[PDB]
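Residue numbers for the sequence shown follow the deposited numbering, beginning at 1 and rising by one. What follows is one structure encoded as C-alpha cells, with my remarks underneath.
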Amino acid sequence: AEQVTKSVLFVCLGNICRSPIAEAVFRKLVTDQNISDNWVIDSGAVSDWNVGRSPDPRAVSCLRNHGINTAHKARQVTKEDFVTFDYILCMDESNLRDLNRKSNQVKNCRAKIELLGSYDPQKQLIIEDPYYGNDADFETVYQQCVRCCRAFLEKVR
C-alpha cells in the first residue's frame, strides 16, 4: 500500500565523460513513471580530482539534448553517501577494488556495493575498460548508460 523511496548511488573513477551518463540516466528513468517521488539516486566519483568537474563539453550537450536532466554535482562520495544510499554500484572498471573495501572504513556503511552486470538481458557484459579514447566513440557509451540505471531499476523496481 505505501511505496518506499528506494535509494541508489552509482560510482566510477573519472565522473566526467563515459561515466556520469548512467547517473543522469537513472534520473530520466525515475522521472518517467511516477517513480521519481520514491527514489534517492545520486552519483559517486570515488576520487577528489573530479570533485565538481561538470561533465565534459562533449558528454554535456549529449545528455542535455535527448532529455536526461542533470542537476547534481559529481563531488567525491563520502560515508554519508554510502550508508545513505543502499544500492551503491559502479561501472565495473576497478572490479570492486576500492568501493568494495570502502565501506570497511565508512563510519557505519550500509551501501551494498556491486557493479553493473546482466540485468534485463542474460549476457556477461562488464565495463572492464579504462577508457575508449574520445573521438570515433562517445554516443555509444552514453547509450550503454541508459540501462545502466534502468536495467538495474528493474531488480530494485
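Even for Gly, the Cβ is constructed at its ideal location relative to N, Cα and C.
Pair within 8 Å by beta-carbon distance, residue i and residue j
i	j	result
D92	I41	no
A71	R53	no
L13	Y87	no
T5	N38	yes
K102	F82	yes
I113	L125	no
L96	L116	no
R157	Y119	no
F152	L89	yes
8 Å CB neighbourhood of residue i in its chain, flanking five on each side removed
i	result
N134	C17, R58
Own chain, CB closer than 6 Å to residue i, minus 5 neighbours either side, in chain order
i	result
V77	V11, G44, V46
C149	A22, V25, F26, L29
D56	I16, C17
Proximal residues to residue i (C-beta, below 7 Å), its chain only, five neighbours per side dropped
i	result
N69	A24, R27, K28, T31
Residue i Cβ short of 7 Å to the ligand GTP heavy atom set
i	result
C148	The ligand GTP is not among the ligands present in this structure, which contains no ligands whatsoever.
Residues sharing a beta bridge with residue i, DSSP
i	result
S7	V40
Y87	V8, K112
With 16 other Cβ atoms within 10 Å as the buried cut-off, status of residue i
i	result
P121	exposed
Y142	buried
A111	buried
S61	exposed
Distance between beta carbons of residue j and residue i, contact taken as under 8 Å
i	j	result
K155	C109	About 21 Å separates the two Cβ atoms, so there is no contact after all.
Neighbour flag for residue i against chain D, beta carbons, 8 Å
i	result
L99	No chain D appears in the structure shown, which is made up of a single protein chain.
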